[PDB]
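A closer look at the structure
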Amino acid sequence: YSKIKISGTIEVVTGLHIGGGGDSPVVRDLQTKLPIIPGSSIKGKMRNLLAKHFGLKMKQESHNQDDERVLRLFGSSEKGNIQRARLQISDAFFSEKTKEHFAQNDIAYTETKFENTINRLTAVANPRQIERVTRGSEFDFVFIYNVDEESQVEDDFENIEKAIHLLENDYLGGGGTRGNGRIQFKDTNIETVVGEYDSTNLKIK
Amino acid sequence: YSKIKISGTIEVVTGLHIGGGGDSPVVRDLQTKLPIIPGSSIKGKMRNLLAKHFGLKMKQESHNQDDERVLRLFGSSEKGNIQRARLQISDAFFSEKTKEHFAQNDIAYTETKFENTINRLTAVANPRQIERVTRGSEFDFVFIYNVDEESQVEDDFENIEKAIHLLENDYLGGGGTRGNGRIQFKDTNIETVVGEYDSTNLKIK
Amino acid sequence: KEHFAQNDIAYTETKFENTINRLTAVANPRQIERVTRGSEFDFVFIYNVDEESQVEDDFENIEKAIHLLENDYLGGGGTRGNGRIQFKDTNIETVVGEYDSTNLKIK
Amino acid sequence: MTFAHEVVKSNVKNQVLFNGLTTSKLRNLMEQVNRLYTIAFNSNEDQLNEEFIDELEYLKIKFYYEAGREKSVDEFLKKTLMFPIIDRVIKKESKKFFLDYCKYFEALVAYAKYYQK
Amino acid sequence: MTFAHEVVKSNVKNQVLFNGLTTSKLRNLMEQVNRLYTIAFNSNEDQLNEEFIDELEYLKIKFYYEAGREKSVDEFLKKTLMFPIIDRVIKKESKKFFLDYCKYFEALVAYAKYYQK
Amino acid sequence: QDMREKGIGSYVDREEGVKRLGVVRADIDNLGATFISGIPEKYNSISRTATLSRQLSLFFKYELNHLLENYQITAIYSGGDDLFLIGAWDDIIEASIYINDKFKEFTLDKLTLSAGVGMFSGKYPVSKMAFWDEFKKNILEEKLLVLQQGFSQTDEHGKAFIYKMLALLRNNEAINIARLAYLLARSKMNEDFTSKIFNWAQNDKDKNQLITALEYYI
RNA sequence: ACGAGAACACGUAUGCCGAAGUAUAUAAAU
RNA sequence: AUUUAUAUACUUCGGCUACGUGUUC
Ligand SMILES: Nc1ncnc2c1ncn2[C@@H]1O[C@H](COP(=O)(O)OP(=O)(O)OP(=O)(O)O)[C@@H](O)[C@H]1O
């Protein structure tokens, strides 16, 4: 029995707006008054994209069942052949190095870029202001992967690489189709934090 | 399943005043502090124009519900229906060649044209300072085309190229009726980023 | 308690969540209550040595258990990103009897 | 404290609002206070930053200048006593009281917004 | 720092402003400072550019020339001590202090604008 | 549709509110004297004591059966001076008030009822499940109806908005009151609803009644 | 030699969906 | 060489924790 830890940083290519508070603020840790990326959001988008990559049928659309590999990697425990999740996502916190950079260069942590709404036949505008983390900021995340079985490890990491690759060409947060919330992954590290399984041959881009 | 990347550059033919943050400045980043074209503006312009170019009834004009192909391409999902936007329109960034061009030509990043308000039969003037992105500026943009159904890629890219053309013959931003907001598209490249879909016979002007 | 009272910090947060219906893509909201990050809890373990020749093995096992727990979650939704904990300021003190408890460690 | 509500009711004269004051005359005003609202809500300690003191001074700058432009703005800024409360905030260096002033002005804005032609 | 406010109140004499100074006499002045305001607000580092040093010199040129034209301009530019503060800004090569001077002059302008005939 | 007796879940599975259970216990407070003291000095005959006892027995053994016919409640212990009804949370409260009024009619407002109702989750050991005018007129009739009409006319305001209302109201601080003023400014109700709610929150008795009513809503 | 003893309120799922910071009024008179 | 200095309208609208399940041998 062993566990594999995945570490890295998520850079916001453009404005990210998680904004679970609902004006229209962003989720903040109440210990440091900072915007965060909840892990469950990351894991849900990975789930959705990876499921859509593999078979996703009408009858599969009905029930939130999905391909055996996706269910195996993310766990269902809903009907009959239940599978305990092998992969645990953690939250992301606004890193310390970006603390230093935005302190030294006096850069705001959250823009308020206004938007509008031109409805038709009246053309009357309607204004709104939303908050989104500033460009270029980085967040630190950590993953933990369980090996309940020995042989499958390579395939699961292949699927993880595929999921990350798809997610890098998509959005987190909201308004993604409208420009917000693009990210890229960088500075990844894979290490066996507990156990006796090697991981030098395993890579996630 | 696959994704298709639409990349290129937008040059700016006359003044550009997005002014989303607003003497009345323009939208500007806060990591490097250069003006940007919010993807929301790109999407709003493209949607409104391509929608109006085909049919637009008063009942259609009522509540932002339009013909089936726009509602497919840009996504509505309110009328008890399943549809997500098939284009991911991102933000635009003032490219590096423009950086170096204006840095080594000692040309400002933005003009500041002054305006006036001549009142009728009163001839009293009301001043006005306004700011705009200079001519010749170029930004880089990316669109991501998700492929949901195999059989509609060709027609959707025909509609996308018509949208690009009609936008090229129209303005973008604010105060477009007074001569600022003209853009033009060039250097379009099409690549398949994830999957096994072919992107050879596909062109955009 | 002193730190949060000084800094005027609510004891417990409330995160908002959703869920996506497939073929429908209509989200039904969700409300969950979560203990604030960075709080500290006080814990005490009592061990009753009944066999002399087993204390080292037992404490090795309990260290292994702590090690796994540090790399796992407590409570609910652990795969969703909550419950990660950490252990600090651990001391080992014998309080009844005459067994030396200075060579035992728990990190 | 709702004394703002009382003054606004006392300011509906026979109708006009503050004798020619409109909510859009207040644009620069609430924009400045909200901008300061963000920069202060980011802060941690109640002991105010001293560029924050400079920013409050700049806010008082905007106040006199708006008063200089328009007579209705002058009447509004004088009777409802923005000016001593800003002075005492500058004298006190307290963040929570700064947000108290913020909700004060926002109360004025909202009540006036419902209290219009 | 509001000592500008104090001097402007001390300069309302029995009424006239700086003995014949008008805000429109200041046109070229605030135009130059605002132009420099833009070119500096574009910059990134606090270490000033050296054509920016040249531009500050040119600003001092405008100061000495405006003073030469009008006596009221001379009195204004001398008492409220534009001139040492420009000298120390030239000596210091600091951007943030340049914007501090900018807000200073704008404070003068706004307060005078509200303090008029 | 099924005549066979069903389990506790038949009442738990109601979708009109939280899937819980309601329980009511009642005793005549002035009963010891009633059987002992009776009608003083002129009608304390064995005959009249017998009549009094039988009339109480008939009330607590017939009328309840007819009264309960419009409630999703099941009669458990009835008789003597003890009344035990179990069912849906809303139906238990409504039946408790209605039976209280009906009893006040039968005793012509001479005997009163002392009762307590709690909420517990389904299939809890019923053993441990078991171990007036103001509430009707002010809470159930006035504030509850106001809140129901307002929440039915204005959408998007679910348990989250009401729970923020609760967080502001339970922590009785003026900062919560100002926050609630802003929240009602932001809310999209008729101005009458907002004004009434805020002014109720400003009074301690009215804030307690309001929180009770809105807790009943969910 | 305590109505005690074993026993993770636990497992699957997000703040999403659509919305253009718009629409008007010449840096002028001697 | 002599007066303005951004002006009035709108400052988020629509639509509001489901299931395995409570208890014992
Ligand atoms: N229908 C009836 N006829 C005659 N006696 C009755 C009848 N119902 C109840 N009683 C008697 O009246 C007595 C009342 O005592 P009990 O303690 O149960 O209620 P209580 O004294 O009224 O309690 P509390 O005053 O706390 O409400 C009981 O001992 C019971 O035997």
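Residues numbered from 1 in each chain as written, not as in the entry; some residues may be left out. Chains lettered and ligands numbered in written order. Part of a larger assembly, values for the part shown. Heavy atoms only, no water.

Its PDB header attributes the entry to cryo-EM and lists the resolution as 3.67 Å.

**Brief notes about the pairing of strand β6 (residues 110-115) of chain A**
All names here are of chain A. This is how it is decided: Partly exposed residues are those whose accessible area sits between 20% and 50% of the maximum for their type, while under 20% is buried and over 50% is exposed, using a 1.4 Å probe and protein chains only. Secondary structure elements follow DSSP: runs of H or I of four or more residues count as helices, runs of E of two or more count as strands, with numbering from the N terminus. Between any two strands, pairing holds if DSSP finds at least two bridges.
Covered by surrounding structure in β6 are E111, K113 and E115 only, the residues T110, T112 and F114 on the alternate face being uncovered. Relative to strand β7 (residues 128-133), β6 is paired through six bridges, and the arrangement is antiparallel. The residue bridging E111 from the neighbouring strand is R132, located in β7.

**Observations concerning the pattern of salt bridges**
Rules: The salt bridge criterion pairs a side-chain nitrogen of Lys or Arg with a carboxyl oxygen of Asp or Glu, the two atoms within 4 Å.
Applying the stated criterion across every chain yields a total of 46 salt bridges over all chains. A salt bridge links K103(D) to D100(D), with the shortest nitrogen-to-oxygen separation between them at 4.0 Å. With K103(D) and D100(D) both in helix α6 (residues 95-114), this residue pair falls three residues apart, about one helical turn. Measuring nitrogen to oxygen at the nearest pair gives 3.1 Å for the salt bridge that ties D2(F) to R4(F). Residue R4(F) is classed as exposed on the basis of its relative accessible area of 62%. What emerges from the salt-bridge pattern is a single network uniting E11(A), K97(A), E138(A), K186(A) and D187(A).

**Some points on the protein's contact with RNA strand H**
Worth spelling out the cut-off: A single heavy atom is enough: if one lies within 4 Å of a molecule or strand, its residue is considered near that molecule or strand. By the criterion applied in these results, polar contacts are pairs of N or O atoms within 3.5 Å in which, for protein atoms, one can donate a hydrogen and the other can accept it, and in which residues neighboring in sequence qualify only through two side-chain atoms. Just so you know the grouping, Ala, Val, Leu, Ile, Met, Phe, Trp, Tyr, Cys and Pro go in nonpolar, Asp, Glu, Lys and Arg go in charged, and all remaining residues, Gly too, go in polar.
The full set close to RNA strand H counts 44 residues, and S24(D), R69(D), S24(E), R69(E) and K188(F) are the nearest of them. Between RNA strand H and the protein, one listed contact pairs a phosphate oxygen with a side-chain N or O atom of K188(F) at 2.4 Å. Sorting the residues of the surface near RNA strand H by element identifies β7 of chain A, α2 (27-41) and α3 (50-69) of chain D together with α2 (27-41) of chain E as the ones contributing at least two each. Split into classes, the residues belonging to the surface near RNA strand H amount to ten nonpolar, 13 polar and 21 charged.

**Some points on the interface of chain A and chain B**
To be explicit about the condition: Note on contacts: a residue pair is in contact if any heavy atoms of the two residues lie within 4.5 Å. The term buried area means the drop in 1.4 Å probe accessible area that two parts suffer when joined, counted for both and summed.
The interface of chain A with chain B comprises 25 residues on the first partner and 31 residues on the second. Both sides of the chain A and chain B interface together cover about 2,700 Å² of buried area, and 54% of this is carbon and sulfur. The interface formed by chain A and chain B holds two salt bridges in total. As a salt-bridge pair, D29(B) and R135(A) come within 4.0 Å of each other at their nearest N and O atoms. Here chain A is connected to chain B by nine residue pairs in polar contact. Within the residue set of the side of chain A that touches chain B, elements represented by two or more residues are α1 (39-53), β6 and α5 (153-168) of chain A. The dominant element in the side of chain A that touches chain B, judged by the number of residues it contributes, is β6(A), at four residues. Of the residues assigned to the side of chain A that touches chain B, the class counts are seven nonpolar, nine polar and nine charged.

**So, the packing of aromatic side chains**
Quick note on the threshold: Only rings of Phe, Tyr and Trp enter the pairing, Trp through its six-membered ring, and a pair is recorded when the two centres are within 6.5 Å. The plane angle decides the type: under 30 degrees is stacked, over 60 is edge-to-face, the rest tilted. Whether a charge lies above a ring is judged from NZ of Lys or CZ of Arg, which has to be within 6 Å of the ring centre and within 35 degrees of the ring normal.
As enumerated under the stated definition, the model contains 41 aromatic pairs over all chains in all. Residues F59(F) and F103(F) carry aromatic rings whose centres are separated by 5.2 Å and whose planes lie at 45° to one another, so their mutual orientation is tilted. Here the residue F59(F) occupies a position in helix α3 (residues 46-67), and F103(F) occupies one in helix α4 (residues 89-106), the gap between them amounting to 44 residues. This pair shows no difference in class: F59(F) is buried, exactly as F103(F) is. Through successive ring pairs, a cluster of aromatic residues spans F63(D), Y64(D), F83(D), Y111(E), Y114(E) and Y115(E). Residue placement shows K143(F) over the ring face of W200(F); its charged tip is 4.5 Å from the ring centre.

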